[PDB]
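The structure appears right after this line, and notes come after that.
Each value in this text was obtained by applying a stated rule to the coordinates, not by laboratory testing. FYI the Cβ positions are ideal-geometry reconstructions off the backbone, even for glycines, and counts take in every protein chain you see.
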Amino acid sequence: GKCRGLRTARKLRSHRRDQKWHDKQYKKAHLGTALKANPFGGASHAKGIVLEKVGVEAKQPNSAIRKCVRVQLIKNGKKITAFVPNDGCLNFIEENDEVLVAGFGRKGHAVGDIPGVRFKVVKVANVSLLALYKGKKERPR
Amino acid sequence: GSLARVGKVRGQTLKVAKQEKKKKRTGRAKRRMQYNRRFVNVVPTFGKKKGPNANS
Amino acid sequence: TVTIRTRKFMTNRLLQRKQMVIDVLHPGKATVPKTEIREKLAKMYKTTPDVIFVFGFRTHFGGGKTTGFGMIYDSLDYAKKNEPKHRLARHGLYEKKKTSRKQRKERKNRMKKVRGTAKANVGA
Amino acid sequence: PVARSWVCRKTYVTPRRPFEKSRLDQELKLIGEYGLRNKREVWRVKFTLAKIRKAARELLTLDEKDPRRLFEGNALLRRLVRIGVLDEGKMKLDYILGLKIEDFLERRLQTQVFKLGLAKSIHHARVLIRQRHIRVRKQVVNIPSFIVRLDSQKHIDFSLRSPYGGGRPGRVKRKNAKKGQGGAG
RNA sequence: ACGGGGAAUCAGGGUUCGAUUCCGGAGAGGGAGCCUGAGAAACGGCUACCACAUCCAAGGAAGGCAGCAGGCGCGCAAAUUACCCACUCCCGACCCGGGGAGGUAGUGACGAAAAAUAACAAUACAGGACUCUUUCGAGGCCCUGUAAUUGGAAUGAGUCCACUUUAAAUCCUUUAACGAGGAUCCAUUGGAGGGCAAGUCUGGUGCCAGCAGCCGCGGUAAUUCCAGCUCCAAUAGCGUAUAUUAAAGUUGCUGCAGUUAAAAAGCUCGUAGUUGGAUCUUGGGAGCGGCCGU
């Protein structure tokens, strides 16, 4: 505190109330700009219909194809690149199918060697991608 | 890019059948030898603190 | 073997009832049912086994003890006055009606169609 | 608007660092040396002291010979004397923190089968208590986490429906009537 | 953004949260007007207009679940069209009356508390405080063992007559007879380079498929992939994703920073705001405490 005075609570609080917006985490959680631009819109998960598949190339020194999925959601009608999490599980996903899509961890950020792909697939039409990969449930059709 | 060789290495691991198992002791029954083996079964020998699975 | 000491005895005269917290001791057997206990204050406090309403045997962790309760009334002329109608069907001389709430709460209210006295052209 | 409780708390601390070798060393010694069921059983033993500590740290820091200090400071010196750890005449509000983790299992019924010399080993202070073959004053106890006070230690004895107390022989001696008295008639 | 009582986290300060059972207010699709009554601007009253919508014999009627179930739509997201006047206490003329209020059972891994899946005796086989002998080996009061040894013992899963329990019972419980040697009464969920507890094991892949929060790993020796094994962590739980708190002394009141890492207005003037020099009753008078405290 640059000012310490005994009657300076209406400058300590008002200055803190101003400089807290320069905190990039605070301003993100308290504006109506970040909250709306989130493809999910303040959701932990979202169902979406697969309308094409994209073999996204790995970002830097690792040369590999990160076989991802273009997904349009139900609640928004906005489009999302969705990473198919476990090994070669794109052959459990077919075009015009409802997939449950989550974030990955870094909270609306591109994680690892997938450039600009912010989301992952969890389920494919009320059978989990784990049970499909582990071999515990059959494809629901 | 190439959505053709998807799950290429999954299929071509020769399916070695899972060797059958006597179930591990559960609850407290796990934690009896786990007391004995760590502390009091062995004598502190010469050298570094070795690993449990350290198969050198 | 039901060694009963009638503990915490108190006479209420504005309900005319002799009440007590019977501390029960009966170790080894199952729970003491309501078939035998009214016959003990027929041989302890020497009143009728007919006007007394004995209940509330509360087991502790082990099951070799309860702590009981009963209320002596003056007569069978007082056996259905300071006693609600739930406990009076529990010794034979009273029975509740059978007509369920999905009839009764509807039977009085199905009659709500046509006006006045003679509403009984709907339900019997 | 229902007459339901909803009043429930946790019993064990959520350990801040997950893979301290020191935690996997020190708090695994609290299994075989004292016979416990899993790591959750080890973790609540501190939390009971964490309850004791949190106020006891502050029940010294009150005003000198203040009746709010001298009652509540002595309200815990009516408490922590009674469980039977600190001395009868040499009780003291300052020695309350001078008190470690197993001081509970020095007094608590989870160990008390082994303590007096009425067990076989350390693990034997679970399996008899798992089958409620003991009591505390004509009152059977199946839960080994009973807080035995100073007073009722000699009253730690056996049930009457117990083949390892003052009772009747049980089921497999009656199921040996299929093997032993099945071949004998 | 219903507010508060509160909640989560918490050295100390703080920070987020409170639609949710208690209290106060507000609303009954949207507004608006009113009758009645002590008390509604009431919608389990009415009258309209605006939207929605079931009859119609096509003239004309009837309607409000943000009461309880149950649909439909919505979504990541949330149960059965169970069971009553018994606590309460209120209403009624009033001890006799009546109340999906209050209130009991289902679906319930939202969660929280307890809690099984071997503790004991001795043959397997190794140790050491120990006697002996250089090591040997025997000897063994005090235990540490655990290996596809023998086992005995039990309370409690599953299946259960009944009652204490109940506005009817069911469930622990109180408890009978019946019900455990891979005690099939069978534990999975994740990682196994580093952070970070735990394999430089073997095949297969060969910058492919993938793993990986971050750092990174794979270029035909992969401790990271895809698998087998053994191990490690937690354990009836655990992995994951999002908001949020601590860590964050990376919002700094306590407690940051501004020569060069981000940063001092180019520079003074200046009004509120903020902060503002020293200075105004001093010592002894009067008893005791074990010169001087009170």
For this session: Treating the angle as unsigned and between 0 and 90°, give the value, to the nearest 10°, between the Cα long axis of helix A:9-19 and the longest Cα principal axis of chain A.
Result: 30
Exercise. Which entries in B:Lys23/D:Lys173; C:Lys85/C:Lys113; D:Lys10/D:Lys138; D:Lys46/D:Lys90; A:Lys53/A:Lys123 show an alpha-carbon gap greater than 27 Å?
Worked result: B:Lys23/D:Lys173; C:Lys85/C:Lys113; D:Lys10/D:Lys138
Problem set entry | Cut-off of 10 Å, at most 14 other beta carbons, DSSP loop: longest stretch of chain B lacking such trypsin sites (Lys or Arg not before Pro) | B:33-47
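What area, in nm² and to one decimal, does the C-alpha convex hull of chain C cast on average over all directions?
12.1
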For this session: Would you mind checking A:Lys67/B:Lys8; D:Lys51/D:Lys100; C:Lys98/C:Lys119 for any pair whose Cα atoms are more than 18 angstrom apart?
Result: C:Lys98/C:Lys119
Exercise. What ³J(HN,Hα) values, in whole Hz, does the Karplus curve 6.51 cos²θ - 1.76 cosθ + 1.60 give for region A:52-57 when θ = phi - 60°, with x put for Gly and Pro?
Worked result: 6, 10, 10, x, 5, 5
For this session: Scan chain A and hand back the longest stretch that contains none of the GluC sites (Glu not before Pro) lying in DSSP loops with at most 12 other Cβ atoms within 10 Å.
Result: A:1-94
Problem set entry | Positive-end residue, the protein assembly as shown charge dipole about Cα centroid, Cβ charges, pick of D:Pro1, B:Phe39, D:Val172 | D:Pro1
Exercise. Could you put D:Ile83, A:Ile74 in order, starting from the residue whose Cβ has the fewest other Cβ atoms within 10 Å?
Worked result: A:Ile74, D:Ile83
Exercise. Over the Cα atoms of the protein assembly as shown, what Rg and Dmax result, in angstrom?
Worked result: 36.7, 106
For this session: Could you tell me which of rounded, prolate or oblate describes region A:62-115, using a ≥ b ≥ c as the square roots of the eigenvalues of the alpha-carbon gyration tensor, with rounded for a/c under 1.5 and, failing that, prolate when a/b is larger than b/c and oblate otherwise?
Result: oblate
Problem set entry | Reachable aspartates and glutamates from B:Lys50, criterion Cα separation under 13 angstrom, eight or more residues apart if same chain | none
Exercise. Loop-only check: which GluC sites (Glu not before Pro) in region D:1-94 are DSSP coil with at most 10 other Cβ within 10 angstrom?
Worked result: D:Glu58, D:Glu64, D:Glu88
For this session: Go through D:166-179, A:1-14 and give me the packing order, highest mean Cβ count within 10 Å leading.
Result: D:166-179, A:1-14
Exercise. Going by alpha carbons, how many degrees (0 to 90, nearest 10) lie between the helix axis of C:101-110 and the longest principal axis of chain C?
Worked result: 30
Exercise. Helix D:39-56: angle to the longest alpha-carbon principal axis of chain D, degrees 0 to 90, nearest 10?
Worked result: 30
Exercise. About the Cα centre of chain D, what is the dipole size in debye to 20, counting +1 per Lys and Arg Cβ and -1 per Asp and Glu Cβ, all else neutral?
Worked result: 1320
Seminar exercise, completed: Rounded to the nearest Å, the spacing of the alpha-carbon centers of region A:26-93 and region D:124-166 is 60
For this session: Enter the mean number of other protein chain beta carbons within 10 Å of the beta carbon of each residue in B:28-36, as an integer.
Result: 5
For this session: With +1 on each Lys and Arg Cβ and -1 on each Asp and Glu Cβ, and nothing else charged, work out how big the dipole of chain B is about its Cα centre, in Debye to the nearest 20.
Result: 320
For this session: Rank these for me by crowding, C:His26, D:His124, going from fewest to most other beta carbons within 10 Å.
Result: D:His124, C:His26
Seminar exercise, completed: Cα pairs beyond 12 Å in region D:3-53, in percent, come to 70
Seminar exercise, completed: Farthest towards the positive end of the dipole of chain A, among A:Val117, A:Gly1, A:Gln25 and with Cβ unit charges of +1 on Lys and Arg and -1 on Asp and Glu, lies the Cα of A:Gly1
Exercise. Quick one: Cα centre-to-centre distance for chain B and region D:6-47, in angstrom?
Worked result: 24
Exercise. Could you give the dipole magnitude of chain A about its Cα centre, charging the beta-carbon of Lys and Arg +1 and that of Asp and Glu -1, in debye to the nearest 20?
Worked result: 1440
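For each pair in D:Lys54/D:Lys92; A:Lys136/B:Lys21; A:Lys20/D:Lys54; B:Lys30/D:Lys21; C:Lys8/C:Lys46, compute the distance between the two Cα atoms and list the pairs where it is over 22 Å.
A:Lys20/D:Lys54
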Seminar exercise, completed: Cα convex hull volume per residue for chain A, in Å³, equals 154
Exercise. Of A:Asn126, A:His15, A:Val50, whose Cα points farthest to the positive end of the dipole of chain A (charges on the beta-carbon: +1 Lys, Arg; -1 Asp, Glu; origin at the Cα centre)?
Worked result: A:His15
